[PDB]
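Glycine gets a Cβ as well: all are built from the backbone with ideal geometry, and neighbour counts include every protein chain shown. The values are calculated or read from the model by the stated rules, or taken from the named source; no laboratory read-out is quoted.
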Amino acid sequence: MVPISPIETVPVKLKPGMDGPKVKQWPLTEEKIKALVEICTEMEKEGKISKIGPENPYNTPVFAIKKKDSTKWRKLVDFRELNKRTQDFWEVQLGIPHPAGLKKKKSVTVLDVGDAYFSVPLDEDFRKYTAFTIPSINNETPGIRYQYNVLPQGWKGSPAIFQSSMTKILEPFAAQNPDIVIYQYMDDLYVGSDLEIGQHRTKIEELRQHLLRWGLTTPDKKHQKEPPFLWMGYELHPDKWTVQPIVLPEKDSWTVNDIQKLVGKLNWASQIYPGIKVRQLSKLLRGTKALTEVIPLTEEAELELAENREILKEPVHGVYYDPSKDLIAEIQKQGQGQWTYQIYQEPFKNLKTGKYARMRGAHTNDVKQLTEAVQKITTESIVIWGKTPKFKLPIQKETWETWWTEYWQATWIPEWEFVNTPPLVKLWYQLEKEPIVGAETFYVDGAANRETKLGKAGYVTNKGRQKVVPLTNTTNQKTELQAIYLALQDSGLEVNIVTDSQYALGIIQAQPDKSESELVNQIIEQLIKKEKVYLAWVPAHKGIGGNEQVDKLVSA
Amino acid sequence: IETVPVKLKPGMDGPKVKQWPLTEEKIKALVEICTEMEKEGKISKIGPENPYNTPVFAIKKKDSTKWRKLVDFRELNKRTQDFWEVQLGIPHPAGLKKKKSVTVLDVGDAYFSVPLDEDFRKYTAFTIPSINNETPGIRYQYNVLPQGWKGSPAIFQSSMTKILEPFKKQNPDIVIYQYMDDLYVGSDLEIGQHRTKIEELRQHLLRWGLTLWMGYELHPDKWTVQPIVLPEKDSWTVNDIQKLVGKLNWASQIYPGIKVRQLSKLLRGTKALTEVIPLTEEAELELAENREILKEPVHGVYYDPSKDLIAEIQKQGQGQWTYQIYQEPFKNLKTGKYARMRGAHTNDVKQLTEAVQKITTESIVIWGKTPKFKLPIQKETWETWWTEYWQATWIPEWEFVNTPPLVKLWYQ
Ligand SMILES: NC[C@@H](NC(=O)c1ccc(-c2ccc(Cl)c(F)c2)[nH]1)c1ncc(CO)s1
């Protein structure tokens, strides 16, 4: 016999201040009990488990399901209360590799390590908490006791303890086989080279034996499944990948376990299919908290789900990632707060695509949306390729410079270039920095009465132009805005406006180009038509001329 | 050569903080750096029975082109048992802020000779990440004391004295202070003669090695705190007086006797904004009186080490930034202005990031503790880029400001 290198043990404790499991074995039917002793007898014959004595006081239930479409019984330990008493493990589970980040390698093999799990030893001191009882026929004997000597099915630490074990074993093979790549995700081993398939299948044997030397069993013959794989919802081919086909469900009335298996099945499509949109189906959800409630589909949605049955019609595939060439990202303003992006290295061949939806803000503008999407694509690119793509963006360099130089916040986007494909993101208006000579000065003001909700809004000016309008069902904040709207509405192309509304400055100094408040929208449309606007602020209740002889006019 | 027992505080686990994405070159550089620190016994691989994590990343420090390893120990530091066993922590030297010059010396290089308490190393866990989540992350723990942990100076505290008792006794003029992995060295000397007493200490820190090569030169006596001034004009427009009354009105929240009644009077009516208004003698009086009040400092502005320090920053444009430190609104403990030439010009976030660093240095010197920043930046933009420009081995706390203040003008 050639001896096996033993696999070093991971120490495992319970959680601070916890006993071990003490749960009754459920009453099993008679034939179920026959299958478990059958299973456990060969398992004990393999060093996997071992009988225990009448001391071991911990117990985990164990069931048996029939492997459907097969007469072979499937055993099953239920470790829930043991896991609840097991310490926490380091979790590499954070990240599922994205197909677009895989390099194109000439030859590729996947091997499923569904087995070797049970070859990886378990911490001796932790074996005795894995105890379970095989109950006996008619309860006329004691149950047959047992504990695990290797990593047990569906246990907290088993995927973590297996992964680290596997990585230790794989370091030296990789290190001395730098002409190949080996990725390590799930219980699956990804291997790949640019070697021709003869020297590729060579090193696949070599690693098989290298894994033997520790006790790990590899599918020697050709694995039934070979690339192309449909894997984790994608379809991975030798020159391309795409999403695993997923049609959208059909409903006359859409419930909430429906619109969530439709905005979910459509968020998936958008990572390779360019231009997928999901807004008029996500409003019908966040304004609802019932997993069976019905909502009819809005007028804007039933033209949108007819667009999502219109992109998901022809094959679009992603390509694989080529480190030699530059990463590009391109964005398009898609309207109504939605943004669409293509990440690629060569024209027309997309690595991946996606969308961005505006944050549920109160006011907004196009540039802060574009800026926020760049930051998403940037973090997402760092994750997938380890670098930031060069950006091609629908904004003139001159516009970006006006924006960030005058913006009150610090802002920045990485290296980028203007792509002249409309709709271009632009600055719709710009406030003056000094007062305008020759422009009429409108001192504006507003107030309402909290009880009657009634109020007034107006201006007086330097040429004696005045106005006061009465308003019903309004607030101090609403009338302060309305005052400004009036002044814009009745002024020439150039205008100085005095307000005391700290509420208004704060809205206008955020430079929105679109608003939830339709009042703000009209101010915005008034600003767009002006040639120059200087908005000055003065503090209230100082009887500041404009805002006295109009503070005394709007509260009268 | 024996460890000093460390605990966390009761009812607190170790830090379990996610590692954020790193670029390929920053991963490549952390790998080599961590492969030397493995050979030198400074760190050891760990396994998944260790649940803890603390982010790590990579930088270049000032006027050096070698990747350095930065470990954000912020969350461990919150959870680490503050060391009041023997001494109640190094008091702050009130004299350090009053010195013609202060040089900052990186002494972190010394921390790696002290062993760390084997019970406690599980708590310093960190992870080099992989691109694309392909291979699992490379996990290490610390063996020596970690640069960036608040315990490393606290524990080197006694042992750093026996290096510096020769020098402190030799130059009892000098003040010498340690925050984190930095040594702050202040003298009232002439600057040529202050540099010499520094190089004196570079070599005196080589002698101890037998049993860290450049100089950052603050000047806490070439800065002070910042008065509110009012314009001085011969003619005033209506706008000029509206800005004035606005600024006086704001400053009245700070300085009590500020009055705007006679200047406001001039703003009666509705004249054109660019129209010159003559000041009434009542209004010239009231302005002169306000100018007075603003020459005194604020009365009763006392630091209170039981409360937090807040730092607000405003972007003034053209590479100019303002800031205020305080504990209670309008009781500023320091204010200031940072300015350009420093890889600025085209990248606000580098400016903001450098500005956050200078303020935190000034803050260590004045109080030996970092303030909580209020940043005029979108969270998402800041979290994406700030590490690309960070150079210091500590990290302050921050939140984000989303409403444009009116006050930008007043501090202008
Ligand atoms: N032999 C099939 C086996 N593996 C795959 O299908 C598969 C396809 C693609 C990948 C993969 C791609 C990238 C990386 Cl980085 C990686 F680590 C793995 N794995 C199984 N999948 C699901 C099963 C449930 O029964 S079994």
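With the requirement that a residue be in contact with a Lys or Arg (Cβ under 6 Å, 6 or more places away or on another chain) and surrounded by 12 or more Cβ atoms within 10 Å (Cβ to Cβ), what does segment A:1-19 give you?
Correct list: A:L14, A:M18.
For segment B:116-130, indicate whether the set of residues that are within 16 Å of the ligand (Cβ to nearest atom) and either crowded, with 20+ Cβ neighbours inside 10 Å or not assigned by CATH to the domain that holds B:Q203 (or both) is non-empty.
There is at least one residue in segment B:116-130 that is within 16 Å of the ligand (Cβ to nearest atom) and either crowded, with 20+ Cβ neighbours inside 10 Å or not assigned by CATH to the domain that holds B:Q203 (or both).
Under the condition of being within 15 Å of the ligand (Cβ to nearest atom) and more than 14 Å from chain B (Cβ to nearest Cβ), which residue from segment A:238-251 is farthest from A:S270 (Cα to Cα)?
Start the filter on segment A:238-251 by keeping residues that are within 15 Å of the ligand (Cβ to nearest atom), which leaves A:238, A:240-244.
In the following step, the residues that additionally are more than 14 Å from chain B (Cβ to nearest Cβ) were identified as A:238, A:240, A:242-244.
Values: A:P238: 22, A:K240: 17, A:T242: 11, A:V243: 9, A:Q244: 13 Å.
Top of the filtered list is A:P238.
State which residue is surrounded by the fewest Cβ atoms within 10 Å (Cβ to Cβ) when the search covers only segment A:381-399 and only residues that are away from chain B (no Cβ under 12 Å) and β-branched (V, I, T).
Checked segment A:381-399; the qualifying residue surrounded by the fewest Cβ atoms within 10 Å (Cβ to Cβ) is A:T399.
Among what's in segment A:174-196 and is within 16 Å of the ligand (Cβ to nearest atom) and not in a strand (DSSP E or B), pick the residue that is farthest from A:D78 (Cα to Cα). Spell out the reasoning first.
Residues of segment A:174-196 within 16 Å of the ligand (Cβ to nearest atom): A:174, A:180-193.
Imposing the further condition that a residue be not in a strand (DSSP E or B) reduces the set to A:174, A:186-187.
On the way: A:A174: 37, A:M186: 21, A:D187: 20 Å.
Restricting to residues being within 16 Å of the ligand (Cβ to nearest atom) and not in a strand (DSSP E or B), the top hit is A:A174.
When the residues of segment A:257-284 are filtered to those that are closer than 17 Å to A:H98 by Cα and of a type in the set (S, T, N, Q), which remaining residue is nearest to the ligand (Cβ to nearest atom)?
Out of the qualifying residues, it is A:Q271.
Tell me the residue from B:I163, B:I176 that is in a strand (DSSP E or B) and surrounded by 12 or more Cβ atoms within 10 Å (Cβ to Cβ), please.
It is B:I176.
Taking A:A100 and the conditions (1) in the same structural domain as A:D125 (by CATH); (2) not in a loop (DSSP other than H, G, I, E, B), which numbered condition does it fall short on, given that it satisfies the others?
Result: A:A100 passes all but (1).
When you check A:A487 against the structure, is it aliphatic (A, V, I, L, M), buried (at least 21 other Cβ atoms within 10 Å of the Cβ), out of contact with any strand residue (DSSP E or B) (no Cβ under 6 Å at 6 or more places or on another chain) and within 14 Å of chain B (Cβ to nearest Cβ), yes or no?
Spelling it out, it is not the case that A:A487 is aliphatic (A, V, I, L, M), buried (at least 21 other Cβ atoms within 10 Å of the Cβ), out of contact with any strand residue (DSSP E or B) (no Cβ under 6 Å at 6 or more places or on another chain) and within 14 Å of chain B (Cβ to nearest Cβ).
Can you tell me how many residues in segment B:44-79 are among the polar types (S, T, N, Q) and under 30 Å from A:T9 (Cα atoms)?
4
Only one of B:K61, B:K18 is within 13 Å of chain A (Cβ to nearest Cβ) and among the basic types (K, R). Can you tell me which?
Unique residue meeting the criteria: B:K18.
Quick check on my filter: what residues within segment B:75-111 are polar (S, T, N, Q) and assigned by CATH to the domain that holds B:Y52? Let's see the steps before the verdict.
From segment B:75-111, those polar (S, T, N, Q) are B:77, B:80-81, B:87, B:101, B:103; that's our starting set.
Matches in segment B:75-111: B:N77, B:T80, B:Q81, B:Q87.
Given the criterion within 14 Å of the ligand (Cβ to nearest atom) and surrounded by 15 or more Cβ atoms within 10 Å (Cβ to Cβ), identify the matching residue among A:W254, A:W231.
A:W231
So which residues in segment A:101-141 are among the aliphatic types (A, V, I, L, M) and either away from chain B (no Cβ under 14 Å) or within 11 Å of the ligand (Cβ to nearest atom) (or both), if there are any at all?
A:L102, A:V108, A:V110, A:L111, A:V113, A:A116, A:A131, A:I134, A:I137
Looking at (1) outside any loop (DSSP other than H, G, I, E, B); (2) touching a strand residue (DSSP E or B) at 6+ places or on another chain (Cβ under 8 Å), which is the only condition A:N257 fails?
Tallying (1) outside any loop (DSSP other than H, G, I, E, B); (2) touching a strand residue (DSSP E or B) at 6+ places or on another chain (Cβ under 8 Å), A:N257 fails exactly one: (2).
Any residue in segment B:160-172 that is among the hydrophobic types (A, V, I, L, M, F, W, C) sitting within a Cβ distance under 8 Å of a residue that is surrounded by 12 or more Cβ atoms within 10 Å (Cβ to Cβ) and outside any helix (DSSP H, G or I)? List the pairs, counting only those 6 or more apart or interchain.
As it stands, the answer is B:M160/B:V107; B:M160/B:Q178; B:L164/B:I176; B:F167/B:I174; B:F167/B:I176, since those pairs meet every condition given.
When you scan segment A:210-222, do you find a residue that is within 14 Å of chain B (Cβ to nearest Cβ), of a type in the set (D, E) and either more than 16 Å from the ligand (Cβ to nearest atom) or part of a loop (DSSP other than H, G, I, E, B) (or both), even just one?
The answer is no; no qualifying residue exists.
Pick from segment A:10-29 the residues that are more than 10 Å from chain B (Cβ to nearest Cβ) and among the β-branched types (V, I, T): which of them is farthest from A:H210 (Cα to Cα)?
Selected residue: A:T29.
Is there a residue being more than 14 Å from every other protein chain (Cβ to nearest Cβ), within 16 Å of the ligand (Cβ to nearest atom) and of a type in the set (S, T, N, Q) anywhere in segment A:142-152?
The first filter runs over segment A:142-152 and keeps only residues more than 14 Å from every other protein chain (Cβ to nearest Cβ), leaving A:142-150, A:152.
Keeping just the survivors that are within 16 Å of the ligand (Cβ to nearest atom) gives none.
The answer is no; no qualifying residue exists.
I need every pair where a residue in segment A:172-188 that is under 15 Å from A:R201 (Cα atoms) and within 13 Å of chain B (Cβ to nearest Cβ) has its Cβ under 7 Å from the Cβ of a residue that is within 16 Å of the ligand (Cβ to nearest atom) and of a type in the set (K, R), sequence separation at least 6 or different chains.
Matching pairs, first to second residue: A:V181/A:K105.
So if I check each of A:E206, A:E235, A:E226, which one is more than 14 Å from chain B (Cβ to nearest Cβ) and in a strand (DSSP E or B)?
After applying the criteria, what remains is A:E235.
Of everything in segment A:405-421, what is polar (S, T, N, Q) and more than 7 Å from chain B (Cβ to nearest Cβ)? Give them in sequence order.
Selection gives A:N420, A:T421.
What are the residues in segment B:33-49 that are under 16 Å from B:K69 (Cα atoms) and among the acidic types (D, E), if any?
Passing the criteria: B:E36, B:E38, B:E40.
Scan segment B:372-412 for residues that are hydroxyl-bearing (S, T, Y) and either closer than 19 Å to B:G148 by Cα or within 11 Å of chain A (Cβ to nearest Cβ) (or both) and jot them down. Spell out the reasoning first.
To start, the set of residues in segment B:372-412 that are hydroxyl-bearing (S, T, Y) comprises B:381, B:384, B:387, B:389, B:393, B:403, B:411.
Result: B:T381, B:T384, B:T387, B:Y389, B:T393, B:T403.
Taking only segment B:260-309 into account, find how many residues are within 14 Å of another protein chain (Cβ to nearest Cβ), loosely packed, with under 14 Cβ neighbours inside 10 Å and either among the acidic types (D, E) or touching a strand residue (DSSP E or B) at 6+ places or on another chain (Cβ under 6 Å) (or both).
1
Filter segment A:1-49 for residues that are outside any loop (DSSP other than H, G, I, E, B) and of a type in the set (V, I, T) and give the result.
Taking segment A:1-49 and keeping what is outside any loop (DSSP other than H, G, I, E, B), we get A:14, A:22, A:30-44, A:49.
Once the filter is applied, which keeps residues that are outside any loop (DSSP other than H, G, I, E, B) and of a type in the set (V, I, T), segment A:1-49 yields A:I33, A:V37, A:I39, A:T41, A:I49.
Restricted to segment A:490-504, and to residues that are closer than 30 Å to A:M359 by Cα and surrounded by fewer than 18 Cβ atoms within 10 Å (Cβ to Cβ), which residue is farthest from the other protein chains (Cβ to nearest Cβ)? First the steps, then the outcome.
Applying the first criterion (closer than 30 Å to A:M359 by Cα) to segment A:490-504 yields A:499-504.
Filter once more, keeping what is surrounded by fewer than 18 Cβ atoms within 10 Å (Cβ to Cβ): A:502-503.
Details: A:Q502: 7, A:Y503: 11 Å.
By that ranking, first place goes to A:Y503.
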